[PDB]
Amino acid sequence: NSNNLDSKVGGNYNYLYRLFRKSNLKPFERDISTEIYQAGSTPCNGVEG
Amino acid sequence: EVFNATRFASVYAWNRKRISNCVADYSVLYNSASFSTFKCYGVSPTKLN
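Basis of the calculations
- Residue labels used throughout are counted from 1 along each chain in written sequence order rather than taken from the entry, whose numbering may differ, and residues without coordinates are not included.
- Working convention: letters from A go to chains and numbers from 1 go to ligands, in the order in which they are written.
- Working note: chains shown belong to a larger assembly, and all values are for the shown part only.
- Water and hydrogen atoms play no part in the side-chain values, which are based on all heavy atoms of the structure.
- Numbering goes from the N terminus for both helices and strands, where a helix is a DSSP run of H or I of at least four residues and a strand is a run of E of at least two.
- Computed by Shrake-Rupley with a 1.4 Å probe, the accessible areas treat only the displayed protein chains as cover when residues are assessed.
- Buried, partly exposed and exposed residues are distinguished by accessible area as a fraction of the type maximum, computed with a 1.4 Å probe on protein chains only: under 20%, between the cut-offs, and over 50%, respectively.
- The salt bridge definition used is simple: a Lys or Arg side-chain nitrogen within 4 Å of an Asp or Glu carboxyl oxygen.
- Residues forming no salt bridge and having over 30% relative accessible area are the ones grouped into patches, like charges within 9 Å of each other and nonpolar side chains (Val, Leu, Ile, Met, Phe, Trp, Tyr) within 5 Å.
- The definition used for a disulfide is geometric: two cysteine sulfur atoms within 2.5 Å.
- In summary, the pairing rule links any two rings of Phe, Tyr or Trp, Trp by its six-membered ring, whose centres are within 6.5 Å, and it sorts them by plane angle into stacked for under 30 degrees, edge-to-face for over 60 and tilted for everything else.

Its PDB record attributes the structure to cryo-EM, giving the resolution as 3.17 Å.

S.K.: Kindly report on the overall build of chain A, identifying the contributing residues and their values.
M.R.: The helix and strand inventory of chain A stands at zero helices and zero strands. Per element, the accessible surface of chain A, about 5300 Å² overall, is 53% carbon and sulfur.

S.K.: Please give an account of the overall build of chain B that cites residues and values.
M.R.: Helices and strands together make up the secondary structure of chain B, namely one helix and zero strands. Here the C-alpha coordinates of chain B stretch approximately 30 × 30 × 20 Å along the principal axes. Counting all 49 residues of chain B, 0% fall into the buried class.

S.K.: Outline the pattern of salt bridges, supporting the account with residue identities and numerical values.
M.R.: Residues and elements named next belong to chain A. All told, the structure shown has three salt bridges over all chains when counted by the stated rule. A salt bridge links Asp31 to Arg18; the shortest N-O distance between them is 3.6 Å. Under the relative-accessibility criterion, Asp31 is labelled partly exposed at 26%. When its relative accessible area of 38% is taken as the criterion, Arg18 is described as partly exposed.

S.K.: Tell me about unusual backbone geometry, and name the residues and values.
M.R.: In terms of backbone geometry, most residues other than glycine have negative phi values and most peptide bonds are trans. One non-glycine residue, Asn45 of chain A, lies in the positive phi region at around 55°. Since its relative accessible area comes to 73%, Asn45 of chain A is described here as exposed. Even without a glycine there, the phi angle at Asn21 of chain B is positive, about 60°. With respect to the helices, strands and loops of the structure, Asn21 of chain B is situated in the segment before α1 (26–31).

S.K.: Run through a nonpolar patch on the surface, naming residues and quoting values.
M.R.: The grouping of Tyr26, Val28, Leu29, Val43 and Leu48 of chain B at the surface amounts to a nonpolar patch, some 410 Å² of accessible area in total. Tracing the sequence through the fold places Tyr26 of chain B in helix α1.

S.K.: Which residues make up the state of the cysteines, and what values do they have?
M.R.: Tallying each qualifying case throughout the model produces zero disulfides over all chains. Free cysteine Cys44 of chain A: the closest other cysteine sulfur is in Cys40 of chain B, separated by 18 Å.

S.K.: I'd like a rundown of the packing of aromatic side chains, residues and numbers included.
M.R.: A full pass over the atoms with the stated rule returns two aromatic pairs over all chains. Arranged with centres 6.4 Å apart and planes meeting at 80°, the rings of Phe20 of chain A and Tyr37 of chain A form a pair that is edge-to-face. When its relative accessible area of 54% is taken as the criterion, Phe20 of chain A is described as exposed. Seen in terms of ring centroids, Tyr30 of chain B and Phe38 of chain B are 6.0 Å apart; in terms of plane orientation they differ by 65°. Their pairing is edge-to-face. On the accessibility criterion, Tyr30 of chain B (22% relative accessible area) is partly exposed.

Okay, here's the thing in structure tokens:
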């Protein structure tokens, strides 16, 4: 537990997690790309919405 | 037949319609862009199909 180490009044905005990815991962593999996921079939070309 | 309809019941007396014995295509509904709010709980919108 790290309640008194990281937890900051207001919350920690520096800790991120990947909720969306195009395909499943491989063991010991890291992904840092911030490309906008094409959730819909409509291509966004890097435009959020 | 139920959602093109022009009548929507009141919230406190809402209309419930059962759906069974057919094939459901959710992906085509999700791809179409005429709705302004979509969210799911317990399942992701891309997998219903």
